[PDB]
Amino acid sequence: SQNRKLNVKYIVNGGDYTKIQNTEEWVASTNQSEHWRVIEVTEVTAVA
Amino acid sequence: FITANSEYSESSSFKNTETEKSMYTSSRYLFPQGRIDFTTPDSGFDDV
């Protein structure tokens, strides 16, 4: 008996998202302002 | 004055192999752009 399971997941948040499968090109695109996104939130205030 | 002889040799053999293989691959590329909302009259908002 034999079993094999493979699971691969890529996530992109900011940068050129069309370069998600090409790490080098995404790293090259990280300096473009038009693709900058919120990557974490360190303060949240209740709307009330 | 007499001699007699007899021999009987019998043999049986059996082999049975069963093989089952299964493979499945699932790929999903999800590239969102955002969300668009329409306003329902029950919301009470002026843009409806």
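Residues numbered from 1 in each chain as written, not as in the entry; some residues may be left out. Chains lettered and ligands numbered in written order. Part of a larger assembly, values for the part shown. Heavy atoms only, no water.

As stated in the entry header, the method of structure determination is cryo-EM and the reported resolution is 2.47 Å.

*Asks:* Tell me what's going on with the side chain of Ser29(A), and back it up with residues and numbers.
*Replies:* All names here are of chain A. The residue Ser29 is located in helix 1 (residues 23–29) in this model. A relative accessible area of 6% means that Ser29 is categorised as buried. For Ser29, the side chain forms a polar contact with the main-chain nitrogen of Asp16, separated by 3.1 Å. Within polar-contact distance, the side chain of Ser29 engages the backbone oxygen of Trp26 at 3.0 Å. Ignoring sequence-local partners within four residues, the contact set of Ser29 consists of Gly15 and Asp16. (Helix = DSSP H or I, 4+ residues; strand = E, 2+ residues; numbered from the N terminus. Buried < 20%, exposed > 50% of the residue type's maximum accessible area, 1.4 Å probe, protein only. Polar contact = N/O pair within 3.5 Å; in protein donor to acceptor, adjacent residues only side chain to side chain. Contact = heavy atoms within 4.5 Å.)

*Asks:* Which residues make up the environment of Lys9(A), and what are the values?
*Replies:* Topologically, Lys9(A) is positioned in the segment before helix 1. Taking the C-alpha atoms as reference, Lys9(A) lies 24 Å from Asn31(A); in sequence the two are 22 residues apart.

*Asks:* Before we move on, could you go through a nonpolar patch on the surface and cite the residues and values that matter?
*Replies:* On the surface, a cluster of nonpolar side chains totalling about 360 Å² of accessible area is made up of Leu6(A), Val8(A) and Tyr10(A). Relative to the helices and strands, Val8(A) resides in the segment before helix 1. (Patch = residues over 30% accessible without salt bridge, like charges linked within 9 Å, V, L, I, M, F, W, Y side chains within 5 Å. Areas by Shrake-Rupley, 256 points an atom, 1.4 Å probe, with all protein chains shown as cover. Salt bridge = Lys/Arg side-chain N within 4 Å of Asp/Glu carboxyl O.)

*Asks:* Let's hear about the pattern of salt bridges: which residues, and what values?
*Replies:* Per the counting criterion, the structure on display carries 2 salt bridges over all chains. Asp16(A) serves as the salt-bridge partner of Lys19(A), at 3.0 Å between the closest nitrogen and oxygen.

*Asks:* Could you give an account of the environment of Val27(A), naming the residues involved and the relevant values?
*Replies:* Topologically, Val27(A) is positioned in helix 1. A C-alpha to C-alpha distance of 18 Å links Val27(A) and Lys9(A), two positions 18 residues apart in sequence.

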